[PDB]
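Heads up, the thing below is written out as structure tokens.
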Amino acid sequence: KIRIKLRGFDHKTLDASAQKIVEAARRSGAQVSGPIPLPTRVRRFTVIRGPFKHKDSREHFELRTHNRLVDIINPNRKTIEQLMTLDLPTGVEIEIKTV
Amino acid sequence: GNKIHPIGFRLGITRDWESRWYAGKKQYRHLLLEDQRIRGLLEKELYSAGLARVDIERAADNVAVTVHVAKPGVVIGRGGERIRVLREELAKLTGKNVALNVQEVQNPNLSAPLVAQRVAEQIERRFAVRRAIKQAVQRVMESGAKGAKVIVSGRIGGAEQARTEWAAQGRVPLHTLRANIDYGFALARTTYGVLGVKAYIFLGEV
Amino acid sequence: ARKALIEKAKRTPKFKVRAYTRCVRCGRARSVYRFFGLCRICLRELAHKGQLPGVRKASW
Amino acid sequence: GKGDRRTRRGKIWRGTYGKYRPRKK
Amino acid sequence: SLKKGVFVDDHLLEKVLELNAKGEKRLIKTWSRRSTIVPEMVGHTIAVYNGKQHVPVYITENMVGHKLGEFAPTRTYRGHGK
Amino acid sequence: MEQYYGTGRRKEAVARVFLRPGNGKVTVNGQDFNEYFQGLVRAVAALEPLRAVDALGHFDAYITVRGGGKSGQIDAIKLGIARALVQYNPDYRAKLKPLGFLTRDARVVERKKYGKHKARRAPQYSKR
Amino acid sequence: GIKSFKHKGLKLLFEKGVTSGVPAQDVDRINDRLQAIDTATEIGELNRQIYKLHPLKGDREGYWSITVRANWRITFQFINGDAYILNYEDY
Amino acid sequence: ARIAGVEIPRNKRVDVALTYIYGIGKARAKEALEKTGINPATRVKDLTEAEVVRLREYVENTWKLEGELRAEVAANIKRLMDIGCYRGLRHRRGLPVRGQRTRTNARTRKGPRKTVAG
Amino acid sequence: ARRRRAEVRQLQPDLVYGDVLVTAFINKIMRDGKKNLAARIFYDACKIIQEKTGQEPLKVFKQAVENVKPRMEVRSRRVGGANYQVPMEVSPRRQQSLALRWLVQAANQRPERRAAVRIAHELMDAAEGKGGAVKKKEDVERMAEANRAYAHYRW
RNA sequence: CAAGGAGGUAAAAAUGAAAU
RNA sequence: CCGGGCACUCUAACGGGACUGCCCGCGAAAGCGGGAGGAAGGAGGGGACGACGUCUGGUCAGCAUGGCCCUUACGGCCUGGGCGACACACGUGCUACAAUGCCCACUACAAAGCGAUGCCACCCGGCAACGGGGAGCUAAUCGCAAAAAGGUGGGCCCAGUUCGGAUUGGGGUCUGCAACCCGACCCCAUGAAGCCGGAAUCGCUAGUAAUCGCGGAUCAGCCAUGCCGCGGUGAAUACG
Ligand SMILES: [Mg+2]
Ligand SMILES: [Mg+2]
Ligand SMILES: [Mg+2]
Ligand SMILES: [Mg+2]
Ligand SMILES: [Mg+2]
Ligand SMILES: [Mg+2]
Ligand SMILES: [Mg+2]
Ligand SMILES: [Mg+2]
Ligand SMILES: [Mg+2]
Ligand SMILES: [Mg+2]
Ligand SMILES: [Mg+2]
Ligand SMILES: [Mg+2]
Ligand SMILES: [Mg+2]
Ligand SMILES: [Zn+2]
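Here is the structure:
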């Protein structure tokens, strides 16, 4: 019933921090749908390489925003207990909602 | 010439970020401006420390700020000032958790920003630049470096004629990705103008 | 006209259409990205610095 | 007639819709 | 092309209407084409600014959607060598 | 009713090919292998690996397709049909190689590169 | 008589006395030269040693060039007692 | 058939033949024959005289067309004669009315190139 | 400087025929990369061949190409600011290419209305030895004929 | 199978640029 | 669409995968040619990467900065004008000159990206632009979008003609304090030049040229036919 979403710019921190919550939910009495890899939202932009006025030949950058989903079954305060405030991100945004 | 910033050229693999936080739109713009104003405010009254980095991390009103310094001499024991209101003056336009840490950069002769900054000081001391370059390189090479390279360009020793002094010992492969190459830069302000100091420090990888 | 001109860019009163974007790091009025609030010049500088969270070189 | 404002083809090219090119169904 | 607005300058009209009761003098300036021809005070002259000076334009019916400054060219041209 | 693998891809096109051992040479997806591919000459070339083998309608085709346009889909179907008959007939390998019906064909649309007008077409100049 | 300008800064210095288009230390210099080119009734008058006068070659044929200072030139076309296309440029 | 001021178009579809009149174009064309109730794909070759009469009576009336509306259009430009606006001066000088680019192009009103050279 | 001799491109055989030639012809018909319209026109014209003559288009088309084959062509070469025109032999690859190219071009040169009838007729004319392409072929061989003088320059 | 000594030699295509 | 399942497809995270390693031939070696080996090969196809240096190259109008000059002003604010001017010349382009074409209707097949101070389903008024409503969507959920060339049917029948769309008149919409100078669309009527380009000149060697539409940045709006991307169909030729 409990749905958690984890967005992030770094994939290595995401693929690891959203895997901790798979271990911290499985070893507390619940069935956990593993790291669901939602598609990425790549936000590119292309900037002229020079401060002057050399239109041809520039250089572009991208801001990949990754999405990862995990669902746990029963909202028992046994699994809730651990995932309550035992948070270890580096800024990774987490969404917790039940529906 | 034309060569890409050896830091940006890595970023992903080798050399991580310097401001590590995540946000969507309507927030990124505000938090980046604040973030940059922290870097701007710190650089001023903390230059005497000579800061190699200014790492920043966030987590909803958490704002962690790690200041790497060769010699953290300007911290002086708890209530001995140089930290108290100093790490608290940040929250005069922030008001968030101003968690300011201090790191001890062990060898300053292996920190590119510090190397270039030491050189740029010497330019303003009216030192002989070519000899200053040579020494700084060997100094870096003396402290165990796998390769080094310092570059001062323009208006050397005053004198109407922009020059470019060049020195580099050992190995500095800029094209390679598994490089671990530290890059630093510094503005030397002189009574006759402005000149830039590049500093490249290289260690192994694989 | 540059100092009094980066004043108006933040002042923003009097008719809603007279307000415009403006790089914060610089004072550039052109090629100002809404996402960063920066000109294309400054944005490139900081992206190479590493001071742009997540922002990375694009190769494909 | 990619530039004639009285065709489904010119309306495509211009982008906009209208009588010569209705917004589907 | 407005339809439910169809506007004239309030300040142009203030000066134009309070100088319209039982008659007036043609001494009346402006600084904005922005307005519109305005019926009533047709037998009037409106010195419109063209960027350099105030050109006395005259109203004699015939004009409507043409605000003002169309009766006040801003350029000169006049000729190209010939 | 039945199943036989199916993974044919060509230039952003995905086709899952099944075939069910029955004399009814049939179709899939929208309408007929015709109908859905009518007016298209090269559409019927996807059934050439069946001609390469001894299949004059021994299977009931079932290919769900997606992505790309018709031609790529048709190409992908060819790769899927072949991928089926090579799967449940491992000895039918000695015809998918000489005839070359088994290749994903990495030939895909090349990226728009800056400066150039489109892929490789240079923007054209005059010195004067 | 000077009759046409190509350089805006030059134009403003001679017409309105606007000096903000030229170098500040070359104001007097450029002025005395322009007045000389204005008073000149023939190219032979623009021949003082301090001007280093000469006609240009190639595509710039028909033009002349007196020296202001350093690598800086005032170029023009002199014809029938008048100079045209007064430009300020590098050598 | 001498419909308005013209008669020319013979064997060539009435919805098309109609077009050959200053005032008809394409929209008023099918609009006129659906309102008159006549088959558009007909021969134009003098078919049923009745259909031709009804068509003529409706078309030639209703809206202004041919030489009459050419006169009105020319008179609408003559409006900006007197002491007219800016748009009139553009009709005076022979230059484009809608304020476009005249540095190049604008040949459809200026006419073929004249070349000054200097 | 052509270090590689540029290997000969190979095609896909068509539908119903299996030609290693017809598809090459359909390609020349093809404009803007529409093989659908291209192939259709040829097969259309194939249906048109059946009408005016009781012959199978696979031979009518085949023989037409064979009749629009340049035995030898003229080649401009060396010494004198490239002044000479040595008449050279034509490679089977080039006869191939010229035949199909001249066919389609001459076909669209015809005053007919539909693309199919142009193709069909130009093929029938060429199969006989009458086509405008056959003119082109015979013309190119005239040029090669008149240059036998310094043909011994060869190469 | 390896070369020295001998001979016919390109064409029609001119200028130079604006302080060291 | 539900029950249920997640093997297929896809999604995105780490991996496996060829190194001419294996066979023939050539060679002193490097290596080259050829062959089953497989999705792939003798740098697989594209990116990011630009040596010492050169051009007194470019940029004091991104920014920084030595020097020179201006300070009731070379600074500051405002309304209006101008950057959009047009007898002309060059560059890069878009749309065409038609029948492998144009118009109308029906009916399919993408990728890559953007949106809750917005994208706006479905209705309602309206020929239409668009307006009234109003659901879902912090968005592999909802929306932008039906991709277009294609296919089927039908109509023009080769004439500047249902090719072509310039130019101009009239009527309207939407953003905006306001669109005359100088906004984009919509509708009616006009319908120009052009019937394929002189001397010259450009691009591209395989998904490539050509052709077709789609997205984004900036952005109240938009002068975008531009730029940066995405995929659809898909040639010709290389002797030398
Ligand atoms: Mg360009
Ligand atoms: Mg802006
Ligand atoms: Mg493409
Ligand atoms: Mg204009
Ligand atoms: Mg000479
Ligand atoms: Mg010389
Ligand atoms: Mg490399
Ligand atoms: Mg220079
Ligand atoms: Mg400056
Ligand atoms: Mg401009
Ligand atoms: Mg004509
Ligand atoms: Mg014609
Ligand atoms: Mg190549
Ligand atoms: Zn800036």
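Protein chains in written order, with PDB author numbering: chain QJ, 3 to 101; chain QC, 2 to 207; chain QN, 2 to 61; chain QU, 2 to 26; chain QS, 4 to 85; chain QI, 1 to 128; chain QY, 1 to 91; chain QM, 2 to 119; chain QG, 2 to 156. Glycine is no exception: its CB is placed at the ideal position from the N, C-alpha and C atoms.
- The Cβ neighbour count for QM/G85, taken over all protein chains shown within 10 Å, is at least 16; the residue is labelled buried.
- Relative to ligand 3, the beta carbon of QG/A152 is positioned no closer than 8 Å to any heavy atom.
- The three-state secondary structure of QS/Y52, taken from DSSP, is strand.
- When rounded, the separation of the alpha-carbon atoms in QI/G115 and QC/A180 is 30 Å.
- Distance between QM/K115 and QM/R108, taken at the CA atoms: about 11 Å.
- Contact with chain QG is found for QI/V44, since one of that chain's Cβ atoms lies less than 9 Å from the residue's Cβ.
- Excluding sequence positions up to five before and after QC/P7, its CB lies within less than 6 Å of the CB of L175, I182 and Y184, all in the same chain and listed in chain order.
- For QC/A100, same chain residues with a beta-carbon under 8 Å away, outside a window of 5 residues either side, are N63, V64, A65 and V66 in chain order.
- Taking CB atoms only, QN/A59 has a neighbour in chain QJ less than 9 Å away.
- Around the CB of QN/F36, fewer than 16 other CB atoms lie within 10 Å, so the residue is classed as exposed.
- Relative to QN/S60, the option among QI/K113, QI/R20 and QI/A43 whose CA is nearest is QI/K113.
- Contact annotation: QI/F37 and QI/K78 have beta-carbon atoms that are not nearer than 9 Å.
- The residue among QC/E125, QC/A146, QC/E19 and QC/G9 with its C-alpha nearest the C-alpha of QC/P109 is QC/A146.
- The C-beta distance from QS/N23 to QS/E43 rounds to 7 Å, short enough to meet the 8 Å contact threshold.
- Partner residues in a beta bridge of QG/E146, as assigned by DSSP, do not exist.
- In the structure shown, QJ/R45 falls within a strand segment according to DSSP collapsed to helix, strand and coil.
- In the three-state reduction of the DSSP assignment, QI/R9 falls in the strand class.
- Buried is the label assigned to QC/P114, since at least 16 other Cβ atoms lie within 10 Å of its Cβ.
- Between QG/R79 and QG/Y18, the C-beta gap is not smaller than 9 Å, which leaves the two residues out of contact.
- For QY/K11, the enclosing alpha helix (DSSP H) starts and ends at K8 to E15.
- Shown in chain order are the residues whose CB sits closer than 7 Å to a heavy atom of ligand 2: QN/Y21, QN/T22, QN/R23, QN/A30, QN/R31 and QN/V33.
- The alpha carbon of QS/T33 has as its nearest neighbour, out of QS/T77, QS/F10 and QS/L15, the alpha carbon of QS/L15.
- Only buried fits QI/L85, as 16 or more other CB atoms lie within 10 angstroms of its CB.
- Not one heavy atom of ligand 1 lies closer than 8 Å to the C-beta of QI/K127.
- Here DSSP, grouped into helix, strand and coil, assigns QC/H69 to strand.
- Going by C-alpha positions, QJ/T42 is about 23 Å away from QC/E19.
- Contact between the stretch 56 to 65 of chain QI and the stretch 25 to 39 of chain QI is present, with at least three C-beta pairs closer than 8 Å.
- If you check the C-beta of QM/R57 against ligand 4, you find no heavy atom less than 8 Å away.
- Within the stretch 124 to 197 of chain QC, the runs of alpha helix (DSSP H) that reach at least 4 residues and sit entirely inside it are, in chain order, 130 to 143.
- Within chain QJ, the residues whose beta carbon sits less than 9 Å from that of QI/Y114 are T48, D58, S59, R60, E61 and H62, listed in sequence order.
- When secondary structure is reduced to three states using DSSP, QJ/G36 falls in the strand class.
- Between QJ/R70 and chain QN, the shortest Cβ-Cβ separation is not below 9 Å.
- Taking 8 Å as the upper bound on Cβ-Cβ separation, chain QC lies near residues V25, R26, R35 and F36 of the stretch 9 to 36 of chain QN.
- By the neighbour-count definition (other C-beta atoms within 10 Å, threshold 16), QG/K137 is a buried residue.
- Within chain QJ, the C-beta atoms nearer than 7 Å to that of QN/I42 come from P53, in chain order.
- Setting aside the 5 residues that flank it on each side, QG/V75 is surrounded in the same chain by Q86, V87, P88, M89, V141, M144, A145 and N148, each with a C-beta closer than 8 Å to its C-beta; the list follows chain order.
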